[PDB]
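Next up, structure tokens for two forms of one chain, structure 1 and then structure 2.
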Structure 1
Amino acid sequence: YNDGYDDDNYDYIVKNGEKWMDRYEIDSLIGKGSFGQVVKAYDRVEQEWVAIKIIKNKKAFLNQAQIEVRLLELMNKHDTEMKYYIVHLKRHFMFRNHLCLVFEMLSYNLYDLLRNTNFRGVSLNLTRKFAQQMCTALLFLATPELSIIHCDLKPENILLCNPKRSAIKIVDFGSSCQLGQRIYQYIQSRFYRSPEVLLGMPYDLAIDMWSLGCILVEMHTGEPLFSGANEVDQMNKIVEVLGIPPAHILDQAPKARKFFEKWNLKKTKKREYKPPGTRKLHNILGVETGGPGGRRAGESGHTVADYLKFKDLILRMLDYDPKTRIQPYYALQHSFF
């Protein structure tokens, strides 16, 4: 396959030590996925470590990577500090029938940070810092000339700049798309999938806000707020916390009849899900019990008022209505910040 450089799945065989164009010294394989591979390599010209997204030698993967490159260059064309919360595309080029996207090498993802803790979560102050940076990034994406939906926000796609610092950068704009050029349903990761996407509705930049809500809850608690194994299971675990969705939008839900009957839920058979709205965030966060696991009792920034502000912000971010769901700017003005 491809003179011995590619293989099955159209993936470039990564040989640790190979040099590219007398510039890039391929160190190792740091990641794999549909798109192809990511390699850690050394830019000898700029003398710095970079990540290289090597896209598969299939046509559609190339076209998707080209959409991503155009979105990233469009983000590079807007001069504001907010853009510094997005991973920076350093270069793109074609090498041996593979589109390669050079990126800054960052530290570990937020799921790795959750795993460093014994999935006990991180402090609400670190959650506050992460949330501020994420809302600023989503504000940058909300710029009308951009109007970009990330379409796959998850802890694995939020990386740390330095492992000692609290700065973060969101990565993986492969599934991303502009507000106009939406090209696919089944867009987001299940745990962080917005309701409108589950209901087959025209989605927009609010699905990222939903994902961010679930992500912040998971960051503080250490566990996914909505750990659904399938679509209907995810929707049911959502309703467990947020009740039945506003019919005003279910009267417009193509996939409404997949979860609800005209408006109430569907029988299981089977242990029933917790009645709608009974699983309050209040108890998940532990607003009056010292936080998740009673470990944050008496800690600064972890008072009952701080937990209540966090609960309000999360609920504002988990709004069923995409039009009333909090926008990044007003999310930044929340009392939690």
Structure 2
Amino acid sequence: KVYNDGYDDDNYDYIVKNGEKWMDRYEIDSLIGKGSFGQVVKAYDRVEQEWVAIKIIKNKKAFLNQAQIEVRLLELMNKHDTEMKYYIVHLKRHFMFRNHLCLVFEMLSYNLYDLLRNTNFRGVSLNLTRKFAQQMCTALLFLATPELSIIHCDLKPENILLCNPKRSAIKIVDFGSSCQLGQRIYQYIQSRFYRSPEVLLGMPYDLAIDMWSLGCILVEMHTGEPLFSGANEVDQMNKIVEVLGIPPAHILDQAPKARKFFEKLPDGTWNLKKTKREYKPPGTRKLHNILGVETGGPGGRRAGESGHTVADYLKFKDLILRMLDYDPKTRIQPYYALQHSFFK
């Protein structure tokens, strides 16, 4: 019958019903949320006797194909992360159910965007930020293992989950957009706020694009707001240039999409194309002041508060700037990010 025998909605999602029992094994409790891939559902595994989160993929070839890549990437991670000490959500198994691929995960709590909303977008503390930063650098270290070389390609606050509302532990979720070094190279990957300059410029990219995203995420987690909130690629590039200046000439010379944001003057120098919206001149929106290094943190909301010293902010800003290096050949890599003084 049409609509998968009446089991699916107009968006190829399985219509979730509380209390349903799948495979005479999973007792579905309730829907947790939806994403572009489909839905995540809270369930009780009768066999293992534990709560699980089941990701129900949309009943559509394009989404099924992405989930098949995710399964392959998580299974290859499990072969190297059997202790699970590396901070990636753990896939327990998968199965097909009513023409939906279902991935069974350990149950986690809500995501880092939800954590910001509980904060009313005032940000979490610098100490909590440091703890988040340390775990994500360790995760990026694990993904950089040569036999893995996995690029997540969609790091953002909604793709990082707390294990538990009362603890600082986090895990990275959702590898449906992910890939390994040496596969297809795409335009328009990564969520726009977190999209690296390499990808905007249509250049080849590697694991460093996740570090760029990480840098943007960490500032957001403390300020409460995206660092670079582009409405489109040109706005996105221009907002990056406000904080970090014009990209180096050697990179723009190599960039296939450079002329979409920049032009060369007769003397050979690269300048922003003018499109209305007017931007701060390049490099004048100093991150020193977005973080309010000498002025009580973002918006002054940390004035008079311990664990927020000027030296802490100077170390934080230094680490962030290394993560937002324009050149992916020198952008700080996970191993050395973990030796930065912000963590000592």
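C-alpha atoms forming the largest set that superposes within 1.5 Å between two forms make up the rigid core. All residue numbers here refer to structure 1's sequence, counted from 1.
Point to revise | Displaced residue check between structures 1 and 2: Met82, CA, 2 Å or over, core reference | key: Yes, the C-alpha position differs by at least 2 Å between structures 1 and 2.
Point to revise | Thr324 C-alpha shift between structures 1 and 2 of 2 Å or more, rigid core reference | key: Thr324: C-alpha displaced by less than 2 Å between structures 1 and 2.
Check your understanding: For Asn230, is the CA shift between structures 1 and 2 at least 2 Å following rigid-core superposition?
Key -> No, because once the rigid core is superposed, the C-alpha of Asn230 moves less than 2 Å between structures 1 and 2.
Point to revise | Once the two forms are fitted on their core, CA shift of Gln132 between structures 1 and 2 in Å | key: Between its two positions, the C-alpha of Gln132 lies 0.2 Å apart after core fitting.
Exercise for review: Superpose the two forms on the rigid core, then give the C-alpha shift of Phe61 between structures 1 and 2 in Å.
Suggested key: Displacement of the C-alpha, rigid core superposed: 2.0 Å.
Review point. Can you give the CA shift of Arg295 between structures 1 and 2, in Å, with the two forms fit on their core?
Key: So the C-alpha of this residue moves 2.6 Å.
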